[PDB]
């Protein structure tokens, strides 16, 4: 069971790694716990929509759940389901629920495709040891090209009924002296125009996104992973979850892997050894594997930084009630295109995404998912009893995030004479959802738990390439930063180490 290189996971950091390793001629094996999403379901489609969720929508749950913010309208379509290897996983900790994708392509399968580059001045603040010039001149441009990032046609956007909810919020924000910015995406906008014209099968215009897109979205299986497979040096094994990592007596690495079926049944436990080990299991997946290894003594040389510095990228979701004369439209595109930029690097910094409402009818609701600058951080601690890493994060740690978001939208409300919706997130009457996370960052911070290139401190030929490297915050949607950073690290690693 020997393979020169093994990449754990198939997300952004893992995808970049596999391609570059394949191109360099290194035989690589990717292990992914989720499924390869290429089989059509009971309805003929691969993925289920948000209006017709089934077992494909969730990772081993006994009932579907309405997307955050749409409970009042989408709870009606929920049904009981058999636990299955679905695409979206809600991982619940004490006071924090983290949503992560499961399958070949990782989070790219379930995300809104927003590809944004962080402000340079902020990037320099969060990672002072990294050369920002190399990132902005070479790696970010390289990431955007390979991801197939594209821009929306501003004329179509301005006249289509599908983005009226976006234009409405732009008018409101404008009144409060705030500005909006167009956000690039990996969803083919040209394809989106043809959807509106009824020329091609709808996906983004058919209330699809969080459980995957049947068309239009260029997820990693279509970009990095397709190219990696094309090298003839990369293979991908699905439904294979890595449990433990240890170092052989001669310096190599050995892994214990559980092969399961789609129903969760354990089919076999395998031992796979390698020379170069790349971790791309995400902020949660990589961190857990490392804290388990350290605290169970299989990798006793990991430092105390492993598991620290976790942040939810300041994620806060709020909602505003529009006046009757400001309808947002019954037909709303599932892919965001506009954002409110109020990020200046201060404590009141806010970058808000104008999120769509999948209801299908007029709600007069304007939904936002704010990204704030909150210094609070959590820590992953290993629980030897249950054999799981537990996140030590308390709801009160999100107060700064809530305050910053509230400061912004309080301005918009005052200028437009509007109020917040308090009944969208639960019966608790909360205008701000502060216990969820779509963008987990940290746990194995760059330069802390690793060197400046993701080499895990204390070991040789052991690398971390994903979201766990980011120090809890970036100020914008994270996947481009994760991809560009992986480009920077793997290139250096292949040159010096491999």
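Residue numbers count along the first chain shown, from 1.
- When the mean C-alpha temperature factors of 77-85 and 358-366 are read from the deposited coordinates, 358-366 comes out higher.
- For the pair 277-285 and 137-145, the record assigns the higher mean C-alpha temperature factor to 137-145.
- Remark: of 188, 199, 383, 221, 199 shows the highest value [criterion: C-alpha B-factor in the PDB entry].
- Across 447, 458, 41, 442, the entry's maximum B-factor at the CA atom is seen for 41.
- Per-chain ranking of the deposited C-alpha B factor places residue 417 in the highest third.
- Compared with the other modelled residues of the chain, the Cα B-factor recorded for residue 68 ranks in the highest third.
- Looking at the C-alpha B-factors along this chain, the one for residue 305 belongs to the middle third.
- Residue-level temperature factors show residue 104 in the lowest third of its chain, judged at the C-alpha atom.
- Among the modelled residues of its chain, residue 93 has a C-alpha B-factor that falls in the highest third, as given in the PDB entry.
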